[PDB]
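One chain is shown next in structure tokens, namely the form deposited in one PDB entry.
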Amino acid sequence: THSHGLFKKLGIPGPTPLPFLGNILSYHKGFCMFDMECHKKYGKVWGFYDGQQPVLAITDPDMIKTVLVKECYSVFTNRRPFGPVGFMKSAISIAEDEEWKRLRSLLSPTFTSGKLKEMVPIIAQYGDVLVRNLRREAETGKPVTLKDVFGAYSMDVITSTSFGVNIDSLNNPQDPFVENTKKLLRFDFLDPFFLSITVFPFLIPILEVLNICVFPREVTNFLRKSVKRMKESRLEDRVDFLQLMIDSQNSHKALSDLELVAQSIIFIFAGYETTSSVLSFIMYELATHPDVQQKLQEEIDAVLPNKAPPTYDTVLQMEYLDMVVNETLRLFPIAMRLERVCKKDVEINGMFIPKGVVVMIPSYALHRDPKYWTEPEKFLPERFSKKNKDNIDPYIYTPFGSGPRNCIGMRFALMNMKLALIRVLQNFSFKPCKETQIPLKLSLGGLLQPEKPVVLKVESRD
């Protein structure tokens, strides 16, 4: 129908599409399973149909580089639309071409190593909070649910690093400011709503004229005014994302107020469930590989004797920790794919690409390719040792993507997660319960997350 002959014409293999649905029935096992099977069955490039929308998959690292880096500005600048977005049209990760470029320009200085070293003390205080809450659970030998305790942690670091609000969310789960922000959850792109948006993408315009949005209209409204209060209470009466944006609107064309709110929202959205999720995947591996946990506890005490508090520089000093984080990300790259919309008829690395195709890099499946990783399913942190870390193709292992449009939040995310692990492990060990799901099964959904949530035994090194 109307475009389902495209790949068959270019000589590109793939699963044969059904009318209207294309291949979306093949998502019944999740993006991850579909992508590995496809890589296996079909080889180095393949093609499928998200309804009428042609998606070209690629796995050659040279080709990936062209797309993510070389022709990023010229050809492959934007992501694919996904549903009605309202004013969130202005958020950097949604925006396009020159508005994107301007936004990415206007926001980059907020994510430098400099500002991040200034934020480290704030992100630290809530590690202590995390500990006392964990100790409360450990002095009462009851299995712990990480996503809850790490959620409460991530939530705290966001509320602080982005607005100055200081909440113990785990113990104030019903503060107005914690309630809204806990509704900014990762979109399930295989839930009813989003699948239909894929079979009926013409519906998106209809919703937009009805001010219906995939960002709940009330959470956005709460923050828009919460910001405009903060804005006008500091102006006038250092050191969060909001103040860094306030200072910036003092490319070009400055930052509009509505533009400012939207970024603020996308930072919470980005930083809340990801931090929570990754931190849980890591504690899962640490707990099912007690040697890796011991070796990391040993490393942490070396740098920080006497449970010394971690600093920006003592954090970047810890190599095994960096290894442990990077390998967890290999097995659970929560973005799962990267995607670029081809804006022009192009030819790259010997392959014609017609305008309008979505180019997709199947991150999860490349992270578990046996042709670039030995024993890809095993959790083996040494793959990232300063010895082996050189035989790893930065276009095969892309947990934050690559190029002008990679994750702007990368250094903060990594720092935020590491500060958590250092303080937690300084004080506790983590052990399987019987109710622990070993082996952790991944969700057949549209999200990278455990089937059953991770529950563990926490014990005090006291």
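Here the rigid core means the biggest group of C-alpha atoms that line up within 1.5 Å when the two forms are laid on top of each other. Start at 1 with the first residue shown and count on from there. Only residues modelled in both forms are compared.
Another form, the form deposited in another entry, is not on view; read the next lines as being about it.
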Practice task
Would you mind telling me which residue of 290, 216, 350, 121 shifts its Cα by 2 Å or more between this form and the one not shown when the core is superposed?
Solution key: 216
Problem - Displaced residue check between this form and the one not shown: residue 84, CA, 2 Å or over, core reference - result: yes
Completion exercise
Per the comparison in the other entry, the residue 216 and residue 274 C-alpha atoms (change 3 Å or more) are positioned farther
Handout entry: Shared-residue segments moving between this form and the one not shown, Cα shift 2 Å or more over 3+ consecutive positions, core-fitted
Key = 83-85, 188-191, 213-219
